[PDB]
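# Structure assessment
Chain by chain, the residues run as shown.
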Amino acid sequence: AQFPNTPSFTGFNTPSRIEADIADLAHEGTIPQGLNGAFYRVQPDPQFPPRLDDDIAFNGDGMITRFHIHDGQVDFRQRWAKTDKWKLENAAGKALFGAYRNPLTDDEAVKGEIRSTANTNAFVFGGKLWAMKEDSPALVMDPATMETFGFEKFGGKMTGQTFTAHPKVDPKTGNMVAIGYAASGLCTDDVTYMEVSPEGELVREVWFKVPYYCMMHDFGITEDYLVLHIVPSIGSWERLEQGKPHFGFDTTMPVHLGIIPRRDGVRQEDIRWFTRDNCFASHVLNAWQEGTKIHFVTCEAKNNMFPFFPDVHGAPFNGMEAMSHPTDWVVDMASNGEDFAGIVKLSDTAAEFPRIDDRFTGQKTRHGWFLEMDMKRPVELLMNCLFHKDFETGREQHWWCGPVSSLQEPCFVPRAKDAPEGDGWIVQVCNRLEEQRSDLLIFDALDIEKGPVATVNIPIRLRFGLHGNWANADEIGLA
Ligand SMILES: [Fe+3]
């Protein structure tokens, strides 16, 4: 097929569309014998050229990559996430769905169909692989064969239209905690709060309303609460009618933080809202309670981080104000009123794609890992560093991938089920941009600054990834 000659489909964004298997990737260094499991990640990768002359990267069909690490070797498997969209378009031999989150640009033949590309997260839970996209139910797949089952509607018990791509697992119960925004239709202010049991049952779906419709991409959990930030990357049917990107950022609107009790029968009146001045924040490192306080650690920027979801009043993109920093938003449940208790910048390092040792989700975490944008580094062609913060000692570690590479989201892998927090490894894809290929890097998680202990060569150029996760072999049918 002939694709557009635009930045979204050329250079690093050239379509790939490869399904493949490779055993025992070539490598340097020593692949830890203690790793036995798999790292899953997803890349948007268009099956067909877009209906409109220039689509964006966030809109490509989900292609799932798995790195099966065992016995000191890494095997590679890549397969399509076979969404209804993928299947419909494969049958038709052409694109049928249009622009990002814009049903007014779809073929009449797919009116009412689920629009998911399942392209944002590859998450393992309850014996299934979840290929996730926040405008639809999640797609479920077999984590071992990577065949596709279909969308998870919980047998029809799910009443909302959508499911998050940033699920959190509660370490105490083992439940997946999820939201679904735009729950009653596009651009609505209805949201669901859901929990899924380890056995796969939807055990709670609570409907509530938020102050305004916006991109509710991420959230936090604590022991007793779901913590939902309301940030004004807004959208509307009118925007779609006027031919604009679904979302745009409004610098004049306030930011809110909602505290939803994680219990049966929660009502709107049970939800507490805090309010602060405008900023941008997308990803959540973690959240926790301490005394009467809730600590919500996010990557906050002064202004919009999505150039493709532009300022709603026509401002050009401000790259300097898009720089995000790990920041603790602190609210006090024993206070009166809506003011935050604190907004505390935690590092001067510019960072995003935050990760923790997920075994400690919802509890106070000593460690965080991030992709860092170090604008001081040489560049000979930008997420160019891996960044680790020890929040107890304050010590920061950095590893730079060099002047002709960039990095994808890291993932923490525990050494053992009983290992202390952060005792284990970091895995991440590295884009060798000049060489037109990719590496899988493996680090000792608490000494990233010495460099990866193994560099695993991938003889296939991977595309831009979104989110990824590790699961142990006995969780994915590979033991
Ligand atoms: Fe995300």
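Residues numbered from 1 in each chain as written, not as in the entry; some residues may be left out. Heavy atoms only, no water.

The record names X-ray crystallography as the way this model was obtained, at a resolution of 1.61 Å.

### So, the pattern of salt bridges
Following the criterion strictly, the structure yields 36 salt bridges and no others. The salt bridge partner of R204 is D264, with a shortest N-O separation of 3.0 Å. Here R204, found in strand β13 (residues 202-209), pairs with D264, found in the loop between β18 (255-261) and β19 (272-276); they are 60 residues apart in sequence, far enough to count as distant. For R204, a relative accessible area of 17% corresponds to the buried category. (Salt bridge = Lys/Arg side-chain N within 4 Å of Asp/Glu carboxyl O. Helix = DSSP H or I, 4+ residues; strand = E, 2+ residues; numbered from the N terminus. Buried < 20%, exposed > 50% of the residue type's maximum accessible area, 1.4 Å probe, protein only.)

### Quick notes on the UniProt feature "binding site: Fe cation" (unreviewed entry) in the protein
Per the UniProt record, "binding site: Fe cation" (unreviewed entry) is found at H166, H217, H283 and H467. Set against the largest cavity, the annotated residues named above that line it are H217. Mapped onto the elements, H217 comes out in the loop between β13 and β14 (220-221). The exposure class assigned to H217 is buried, which follows from its relative accessible area of 12%. The contact partners of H217, leaving out residues within four places of it in the chain, are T120, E134, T164, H166, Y181, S282, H283 and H467. Here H166 takes part through its side chain, which lies 3.0 Å from a polar atom of the side chain of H217. With respect to the helices and strands, the residue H467 is situated in the loop between β32 (454-458) and β33 (468-472). Only 3.0 Å separates the side chain of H467 from the side chain of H166, close enough to count as a polar contact. (UniProt positions renumbered as here; feature names shortened; annotations may be inferred. 1 Å grid on protein atoms, 1.4 Å probe; cavity = no way out; pocket = protein on both sides within 12 Å on 5 of 7 lines; lining within 4 Å. Contact = heavy atoms within 4.5 Å. Polar contact = N/O pair within 3.5 Å; in protein donor to acceptor, adjacent residues only side chain to side chain.)

### Remarks on empty space enclosed by the protein
By volume, the largest cavity amounts to about 80 Å³. Lining the largest cavity, in full, are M215, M216, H217, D218, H229, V231, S233, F280, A281, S282 and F306. At 3 residues, the largest contribution of residues to the lining of the largest cavity is made by strand β20 (residues 280-290). Of the residues contributing to the lining of the largest cavity, the split by class is 6 nonpolar, 4 polar and 1 charged. When its volume is computed, the second largest cavity comes out at roughly 40 Å³. Partitioned by chemical class, the residues of the lining of the second largest cavity number 3 nonpolar, 3 polar and 2 charged. (Points joined across faces, edges and corners; volume = space filled by probe spheres on them. Nonpolar A, V, L, I, M, F, W, Y, C, P; charged D, E, K, R; others polar.)

### Things to note about the environment of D142
Relative to the assigned elements, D142 resides in the loop between β8 (139-141) and β9 (148-151). By relative accessible area, which is 21% here, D142 ends up partly exposed. Once residues within four sequence positions are removed from consideration, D142 is found in contact with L129, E147 and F149. Within the local environment of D142, its side chain forms a polar contact with the backbone nitrogen of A144, the two atoms lying 2.7 Å apart. A polar contact of 3.0 Å, which involves the side chain of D142, links it to the backbone nitrogen of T145.

### Some thoughts on the coordination of the iron ion
Every protein donor of the iron ion is accounted for by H166 (NE2), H217 (NE2), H283 (NE2) and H467 (NE2), and the metal-donor separations fall at 2.0 to 2.1 Å. In this structure, the iron ion is surrounded by 4 donor atoms whose angles at the metal cover 92 to 150°, and the resulting shape is irregular. Residue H166 is located in the loop between β9 and β10 (168-169), and its partner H283 is located in strand β20; the two are separated by 117 residues in the primary sequence. (Donors = N, O, S within 2.8 Å, 3.2 Å for Na, K, Ca; no water. Tetrahedral: all angles 85-135°; square planar, octahedral: opposite > 155°, others 65-115°.)

### A look at the nonpolar core
If you look at the biggest cluster of nonpolar residues, it comprises 53 residues, and the most contacted ones within it are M216, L226, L228 and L257. By residue number, the principal contributor to this core is strand β15 (residues 225-230), which donates 5 residues. Residue contacts for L257: discarding those within four places in its chain leaves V227, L228, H229, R272, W273, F274, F296, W329, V331 and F340. Of all hydrophobic cores here, the second largest spans 22 residues; its members include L25, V413, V429 and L462. (Core = buried A, V, L, I, M, F, W, Y, C linked by side-chain atoms within 4.5 Å.)

### Details of the state of the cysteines
Enumeration according to the criterion identifies 0 disulfides in this entry. Free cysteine: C279, not disulfide-bonded; nearest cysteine sulfur from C299 at 12 Å. Residue classification places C279 among the buried residues on the basis of a relative accessible area of 1%. (Disulfide = S-S within 2.5 Å.)

### Digging into the sheet that holds strand β23 (residues 342-345)
Taken in spatial order, the 4 strands line up as β20-β21-β22-β23 in an open sheet, and their pairing is antiparallel. Only two strands of the sheet have a single partner each, and these edge strands are β20 and β23. The average angle at which neighbouring strand axes cross in this sheet is 25°, direction not considered. Alignment of strand β21 (residues 293-301) against strand β22 (residues 324-332), held across 9 bridges, turns out to be antiparallel. Opposite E300, over in β22, you have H325 as the bridge partner. (Pairing = 2+ DSSP bridges. Axes fitted to C-alpha atoms, helices over the stretch in contact; angles between N-to-C directions.)

### Examining the environment of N119
Along the chain, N119 falls in the loop between α1 (84-92) and β6 (121-125). According to the relative accessible area criterion, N119 is buried, its value standing at 0%. In this structure, the C-alpha to C-alpha distance between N119 and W80, residues 39 residues apart in sequence, is 9.9 Å. Among the polar contacts listed, one links the side chain of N119 to the backbone oxygen of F58, at a separation of 2.8 Å.

### Section: the packing of aromatic side chains
Inspection of the entire model under this criterion finds 24 aromatic pairs. Where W80 meets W86, the ring centres are 6.2 Å apart and the plane angle is 50°; that geometry is what we call tilted. Residue classification places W80 among the buried positions, given a relative accessible area of 6%. Classification of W86 by relative accessible area gives buried; the value is 9%. The ring of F219 carries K168 above its face, with NZ or CZ at 4.8 Å from the centroid. (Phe/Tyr/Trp six-rings, centres within 6.5 Å; stacked < 30°, edge-to-face > 60°. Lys NZ or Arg CZ within 6 Å of the ring centre and 35° of its normal.)

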